[PDB]
>>> print(open('run_38.txt').read())   # compact mmCIF, C-alpha atoms
# COMPACT_ATOMS: atom_id res chain seq x y z
CA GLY A 1 -86.65 -165.44 34.75
CA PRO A 2 -83.37 -166.60 36.32
CA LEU A 3 -84.53 -169.50 38.47
CA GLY A 4 -87.46 -170.11 36.17
CA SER A 5 -87.84 -171.16 32.55
CA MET A 6 -86.56 -168.99 29.69
CA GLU A 7 -88.96 -166.18 28.79
CA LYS A 8 -88.58 -164.48 25.40
CA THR A 9 -89.54 -160.85 24.91
CA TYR A 10 -91.32 -160.71 21.55
CA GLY A 11 -91.46 -157.58 19.38
CA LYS A 12 -87.68 -157.08 19.49
CA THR A 13 -84.77 -158.11 17.32
CA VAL A 14 -81.19 -158.90 18.42
CA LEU A 15 -80.03 -157.29 15.18
CA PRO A 16 -79.04 -153.60 14.93
CA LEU A 17 -82.06 -152.11 13.16
CA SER A 18 -80.02 -149.32 11.50
CA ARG A 19 -77.88 -151.93 9.74
CA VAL A 20 -80.90 -153.97 8.60
CA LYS A 21 -82.53 -150.77 7.28
CA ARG A 22 -79.32 -149.93 5.42
CA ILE A 23 -79.65 -153.20 3.50
CA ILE A 24 -83.40 -152.63 3.01
CA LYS A 25 -82.65 -149.16 1.59
CA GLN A 26 -80.59 -150.65 -1.25
CA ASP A 27 -83.80 -151.95 -2.87
CA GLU A 28 -84.46 -149.70 -5.89
CA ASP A 29 -88.19 -150.52 -6.03
CA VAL A 30 -89.15 -149.84 -2.43
CA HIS A 31 -90.47 -146.33 -1.71
CA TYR A 32 -90.48 -146.61 2.09
CA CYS A 33 -90.24 -149.56 4.48
CA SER A 34 -92.10 -148.91 7.75
CA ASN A 35 -90.39 -149.46 11.09
CA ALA A 36 -92.78 -152.32 11.91
CA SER A 37 -91.89 -153.96 8.60
CA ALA A 38 -88.15 -153.52 9.27
CA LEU A 39 -88.60 -155.23 12.63
CA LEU A 40 -90.39 -158.22 11.08
CA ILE A 41 -87.76 -158.46 8.33
CA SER A 42 -85.09 -158.42 11.08
CA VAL A 43 -86.68 -161.23 13.08
CA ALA A 44 -87.18 -163.25 9.89
CA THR A 45 -83.47 -162.84 9.23
CA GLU A 46 -82.72 -164.26 12.72
CA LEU A 47 -84.91 -167.24 11.90
CA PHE A 48 -83.17 -167.60 8.53
CA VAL A 49 -79.71 -167.74 10.13
CA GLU A 50 -80.93 -170.38 12.59
CA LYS A 51 -82.43 -172.41 9.77
CA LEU A 52 -79.27 -172.30 7.68
CA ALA A 53 -77.02 -173.16 10.65
CA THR A 54 -79.24 -176.10 11.59
CA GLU A 55 -79.23 -177.55 8.07
CA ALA A 56 -75.48 -177.08 7.77
CA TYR A 57 -74.91 -178.74 11.16
CA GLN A 58 -77.08 -181.71 10.19
CA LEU A 59 -74.72 -182.38 7.26
CA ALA A 60 -71.71 -182.05 9.56
CA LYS A 61 -73.32 -184.58 11.88
CA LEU A 62 -73.79 -187.16 9.12
CA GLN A 63 -70.03 -187.02 8.62
CA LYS A 64 -69.55 -187.58 12.37
CA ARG A 65 -68.28 -184.03 12.86
CA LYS A 66 -69.13 -181.64 15.69
CA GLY A 67 -68.60 -178.40 13.77
CA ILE A 68 -69.92 -176.57 10.72
CA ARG A 69 -67.52 -176.31 7.79
CA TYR A 70 -67.84 -174.08 4.69
CA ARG A 71 -68.62 -177.06 2.46
CA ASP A 72 -71.51 -177.90 4.82
CA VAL A 73 -73.10 -174.47 4.21
CA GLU A 74 -72.38 -174.85 0.49
CA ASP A 75 -73.93 -178.34 0.30
CA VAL A 76 -77.05 -176.97 1.98
CA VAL A 77 -77.41 -174.31 -0.71
CA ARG A 78 -76.53 -176.86 -3.41
CA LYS A 79 -79.26 -179.32 -2.38
CA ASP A 80 -82.11 -177.36 -0.73
CA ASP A 81 -84.78 -175.50 -2.77
CA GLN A 82 -85.44 -172.98 -0.02
CA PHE A 83 -81.87 -171.76 -0.45
CA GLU A 84 -82.04 -171.35 -4.23
CA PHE A 85 -81.80 -167.56 -3.83
CA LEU A 86 -78.23 -168.04 -2.54
CA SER A 87 -77.06 -170.04 -5.60
CA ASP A 88 -75.15 -167.09 -7.09
CA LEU A 89 -73.38 -166.16 -3.81
CA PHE A 90 -71.97 -169.70 -3.59
CA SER A 91 -71.24 -169.88 -7.32
CA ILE A 92 -72.96 -173.25 -7.68
CA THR B 10 -67.89 -157.80 -3.06
CA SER B 11 -66.85 -154.82 -0.95
CA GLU B 12 -70.58 -154.13 -0.95
CA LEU B 13 -71.39 -157.35 0.91
CA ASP B 14 -68.68 -156.64 3.44
CA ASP B 15 -69.92 -153.07 3.95
CA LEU B 16 -73.50 -154.24 4.51
CA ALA B 17 -72.64 -157.25 6.68
CA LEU B 18 -74.34 -157.56 10.06
CA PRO B 19 -72.05 -157.79 13.12
CA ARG B 20 -70.07 -161.02 13.12
CA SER B 21 -70.61 -161.62 16.86
CA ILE B 22 -74.41 -161.26 16.83
CA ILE B 23 -74.65 -163.62 13.87
CA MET B 24 -72.27 -166.03 15.63
CA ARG B 25 -74.51 -166.10 18.69
CA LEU B 26 -77.54 -166.89 16.51
CA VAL B 27 -75.64 -169.73 14.86
CA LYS B 28 -74.37 -171.22 18.09
CA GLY B 29 -77.80 -170.77 19.65
CA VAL B 30 -79.15 -173.72 17.68
CA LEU B 31 -76.10 -175.98 17.98
CA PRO B 32 -74.99 -178.30 20.83
CA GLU B 33 -72.66 -176.76 23.47
CA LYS B 34 -69.04 -176.44 22.30
CA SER B 35 -69.83 -176.91 18.59
CA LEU B 36 -67.42 -174.95 16.47
CA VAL B 37 -68.01 -172.81 13.43
CA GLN B 38 -65.16 -171.93 11.16
CA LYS B 39 -64.36 -168.67 9.54
CA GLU B 40 -65.28 -169.45 5.93
CA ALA B 41 -68.60 -170.86 7.17
CA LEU B 42 -69.55 -168.01 9.50
CA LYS B 43 -68.68 -165.58 6.69
CA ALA B 44 -70.89 -167.47 4.26
CA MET B 45 -73.81 -167.25 6.67
CA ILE B 46 -73.28 -163.57 7.47
CA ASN B 47 -73.38 -162.91 3.73
CA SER B 48 -76.36 -165.22 3.29
CA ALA B 49 -78.21 -163.21 5.94
CA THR B 50 -77.64 -160.03 3.93
CA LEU B 51 -79.08 -161.68 0.80
CA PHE B 52 -82.03 -162.91 2.81
CA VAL B 53 -82.86 -159.37 3.99
CA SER B 54 -82.84 -158.25 0.34
CA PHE B 55 -84.80 -161.32 -0.82
CA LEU B 56 -87.65 -160.89 1.69
CA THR B 57 -87.61 -157.11 1.22
CA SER B 58 -87.99 -157.33 -2.55
CA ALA B 59 -90.88 -159.83 -2.32
CA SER B 60 -92.58 -157.62 0.30
CA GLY B 61 -92.16 -154.48 -1.81
CA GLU B 62 -93.82 -156.28 -4.75
CA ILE B 63 -96.88 -157.02 -2.67
CA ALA B 64 -96.98 -153.37 -1.56
CA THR B 65 -96.76 -152.37 -5.22
CA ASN B 66 -99.39 -154.90 -6.35
CA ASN B 67 -101.65 -153.35 -3.71
CA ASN B 68 -100.91 -149.89 -5.14
CA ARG B 69 -99.23 -148.84 -1.88
CA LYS B 70 -95.94 -146.95 -1.51
CA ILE B 71 -95.43 -148.07 2.10
CA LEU B 72 -94.09 -151.56 2.63
CA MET B 73 -96.30 -152.74 5.52
CA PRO B 74 -96.03 -155.59 8.06
CA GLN B 75 -98.78 -157.56 6.29
CA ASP B 76 -96.67 -157.38 3.10
CA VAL B 77 -93.80 -159.07 4.91
CA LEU B 78 -96.11 -161.77 6.30
CA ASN B 79 -97.61 -162.39 2.85
CA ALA B 80 -94.11 -162.36 1.31
CA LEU B 81 -93.22 -165.40 3.43
CA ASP B 82 -95.62 -167.41 1.30
CA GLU B 83 -94.14 -166.04 -1.92
CA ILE B 84 -90.52 -166.83 -0.93
CA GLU B 85 -91.65 -170.19 0.51
CA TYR B 86 -90.73 -169.62 4.15
CA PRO B 87 -94.26 -169.96 5.55
CA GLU B 88 -92.82 -171.71 8.62
CA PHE B 89 -91.70 -168.24 9.87
CA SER B 90 -95.22 -166.83 9.81
CA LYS B 91 -96.54 -167.84 13.26
CA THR B 92 -93.39 -166.45 14.92
CA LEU B 93 -93.51 -163.15 12.98
CA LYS B 94 -97.20 -162.65 13.85
CA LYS B 95 -96.35 -163.04 17.52
CA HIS B 96 -93.62 -160.40 17.18
CA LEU B 97 -95.95 -158.02 15.36
CA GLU B 98 -98.61 -158.32 18.08
CA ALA B 99 -96.02 -157.70 20.81
CA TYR B 100 -94.42 -154.85 18.85
CA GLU B 101 -97.70 -152.99 18.49
CA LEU B 102 -98.52 -153.69 22.14
CA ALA B 103 -95.20 -152.25 23.34
CA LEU B 104 -95.62 -149.26 21.02
CA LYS B 105 -98.86 -148.10 22.64
CA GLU B 106 -97.25 -148.52 26.06
CA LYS B 107 -94.01 -146.75 25.13
>>> encode(input="run_38.txt", output="structure tokens")
Amino acid sequence: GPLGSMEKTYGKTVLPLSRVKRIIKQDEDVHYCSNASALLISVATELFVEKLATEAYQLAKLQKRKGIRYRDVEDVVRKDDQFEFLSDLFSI
Amino acid sequence: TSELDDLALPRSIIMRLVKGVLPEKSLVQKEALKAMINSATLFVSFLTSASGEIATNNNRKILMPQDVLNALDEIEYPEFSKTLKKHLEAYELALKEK
């Protein structure tokens, strides 16, 4: 609603599903990922990006900065258990 | 890798997600946005793999929505569960309609 509060439409992702499925299809062990599953994986990925951005911004804020730098993202992966799966990508 | 770059989700859609949780006029530099685009790709793979395991452990070939929801516990992102369940309910509801 325009003159009302923000209303989210659930059951949809802002990501291009074909591109998410392309990544999903790289998994050697998966026989078939259903469309409903792909959609949930897509939304989870949205939530992941938001989580990572938020944590990286919080570190920027402690250093009195208004923007995210690469070292902020890296320090998040370096220090936070939930981001352990990224440890190789950041070569830490 | 050229593989990461080929798989990467659109830089502008990821940028909007990032800026969506930051104060107005916050900036995000190139090396950082890139790192998060690539992190998103690894997250898709991470959640997918854990979900496929649960499908397999249930002797199923189809990776199903409940496998993704249960995979959140295995990858220790249970804070996403309530939101995903809401999407699933809405998804199925729209499906019958459409």
>>> residues_around(input="run_38.txt", residues="residue 72 (chain A)", least_positions_apart="2", cutoff="8 Å", atoms="all atoms listed in the file", output="number ranges by chain")
A: 56-57, 59-60, 68-70, 74-76; B: 41
>>> closest_atom_pairs(input="run_38.txt", of="chain A", to="chain B", cutoff="8 Å", atoms="only C-alpha atoms", output="JSON lines")
{"residue": "A:10", "atom": "CA", "partner": "B:96", "partner_atom": "CA", "distance": 4.9}
{"residue": "A:11", "atom": "CA", "partner": "B:100", "partner_atom": "CA", "distance": 4.1}
{"residue": "A:12", "atom": "CA", "partner": "B:100", "partner_atom": "CA", "distance": 7.1}
{"residue": "A:14", "atom": "CA", "partner": "B:22", "partner_atom": "CA", "distance": 7.4}
{"residue": "A:15", "atom": "CA", "partner": "B:22", "partner_atom": "CA", "distance": 7.1}
{"residue": "A:16", "atom": "CA", "partner": "B:18", "partner_atom": "CA", "distance": 7.8}
{"residue": "A:19", "atom": "CA", "partner": "B:18", "partner_atom": "CA", "distance": 6.7}
{"residue": "A:20", "atom": "CA", "partner": "B:53", "partner_atom": "CA", "distance": 7.4}
{"residue": "A:22", "atom": "CA", "partner": "B:16", "partner_atom": "CA", "distance": 7.3}
{"residue": "A:23", "atom": "CA", "partner": "B:16", "partner_atom": "CA", "distance": 6.3}
{"residue": "A:24", "atom": "CA", "partner": "B:54", "partner_atom": "CA", "distance": 6.2}
{"residue": "A:27", "atom": "CA", "partner": "B:58", "partner_atom": "CA", "distance": 6.8}
{"residue": "A:29", "atom": "CA", "partner": "B:61", "partner_atom": "CA", "distance": 7.0}
{"residue": "A:30", "atom": "CA", "partner": "B:61", "partner_atom": "CA", "distance": 5.6}
{"residue": "A:31", "atom": "CA", "partner": "B:70", "partner_atom": "CA", "distance": 5.5}
{"residue": "A:32", "atom": "CA", "partner": "B:71", "partner_atom": "CA", "distance": 5.2}
{"residue": "A:33", "atom": "CA", "partner": "B:72", "partner_atom": "CA", "distance": 4.7}
{"residue": "A:34", "atom": "CA", "partner": "B:72", "partner_atom": "CA", "distance": 6.1}
{"residue": "A:36", "atom": "CA", "partner": "B:74", "partner_atom": "CA", "distance": 6.0}
{"residue": "A:37", "atom": "CA", "partner": "B:74", "partner_atom": "CA", "distance": 4.5}
{"residue": "A:40", "atom": "CA", "partner": "B:93", "partner_atom": "CA", "distance": 6.1}
{"residue": "A:41", "atom": "CA", "partner": "B:53", "partner_atom": "CA", "distance": 6.6}
{"residue": "A:42", "atom": "CA", "partner": "B:53", "partner_atom": "CA", "distance": 7.5}
{"residue": "A:43", "atom": "CA", "partner": "B:93", "partner_atom": "CA", "distance": 7.1}
{"residue": "A:44", "atom": "CA", "partner": "B:89", "partner_atom": "CA", "distance": 6.7}
{"residue": "A:45", "atom": "CA", "partner": "B:49", "partner_atom": "CA", "distance": 6.2}
{"residue": "A:46", "atom": "CA", "partner": "B:26", "partner_atom": "CA", "distance": 6.9}
{"residue": "A:47", "atom": "CA", "partner": "B:89", "partner_atom": "CA", "distance": 7.2}
{"residue": "A:48", "atom": "CA", "partner": "B:49", "partner_atom": "CA", "distance": 7.1}
{"residue": "A:49", "atom": "CA", "partner": "B:49", "partner_atom": "CA", "distance": 6.4}
{"residue": "A:50", "atom": "CA", "partner": "B:27", "partner_atom": "CA", "distance": 5.8}
{"residue": "A:52", "atom": "CA", "partner": "B:45", "partner_atom": "CA", "distance": 7.5}
{"residue": "A:53", "atom": "CA", "partner": "B:27", "partner_atom": "CA", "distance": 5.6}
{"residue": "A:54", "atom": "CA", "partner": "B:30", "partner_atom": "CA", "distance": 6.5}
{"residue": "A:57", "atom": "CA", "partner": "B:31", "partner_atom": "CA", "distance": 7.5}
{"residue": "A:66", "atom": "CA", "partner": "B:35", "partner_atom": "CA", "distance": 5.6}
{"residue": "A:67", "atom": "CA", "partner": "B:36", "partner_atom": "CA", "distance": 4.5}
{"residue": "A:68", "atom": "CA", "partner": "B:37", "partner_atom": "CA", "distance": 5.0}
{"residue": "A:69", "atom": "CA", "partner": "B:41", "partner_atom": "CA", "distance": 5.6}
{"residue": "A:70", "atom": "CA", "partner": "B:41", "partner_atom": "CA", "distance": 4.1}
{"residue": "A:71", "atom": "CA", "partner": "B:41", "partner_atom": "CA", "distance": 7.8}
{"residue": "A:72", "atom": "CA", "partner": "B:41", "partner_atom": "CA", "distance": 8.0}
{"residue": "A:73", "atom": "CA", "partner": "B:41", "partner_atom": "CA", "distance": 6.5}
{"residue": "A:82", "atom": "CA", "partner": "B:85", "partner_atom": "CA", "distance": 6.8}
{"residue": "A:85", "atom": "CA", "partner": "B:55", "partner_atom": "CA", "distance": 7.5}
{"residue": "A:86", "atom": "CA", "partner": "B:48", "partner_atom": "CA", "distance": 6.7}
{"residue": "A:89", "atom": "CA", "partner": "B:48", "partner_atom": "CA", "distance": 7.8}
>>> atom_distance(input="run_38.txt", atom1="CA of residue 105 (chain B)", atom2="CA of residue 80 (chain B)")
26.1 Å
>>> atom_distance(input="run_38.txt", atom1="CA of residue 38 (chain A)", atom2="CA of residue 10 (chain B)")
24.1 Å
>>> axis_aligned_box(input="run_38.txt", around="region 75-90 of chain A", padding_each_side="3 Å", output="AutoDock Vina command-line options")
--center_x -78.7 --center_y -172.7 --center_z -2.6 --size_x 19.5 --size_y 19.2 --size_z 15.1
>>> atom_distance(input="run_38.txt", atom1="CA of residue 87 (chain A)", atom2="CA of residue 79 (chain B)")
23.5 Å
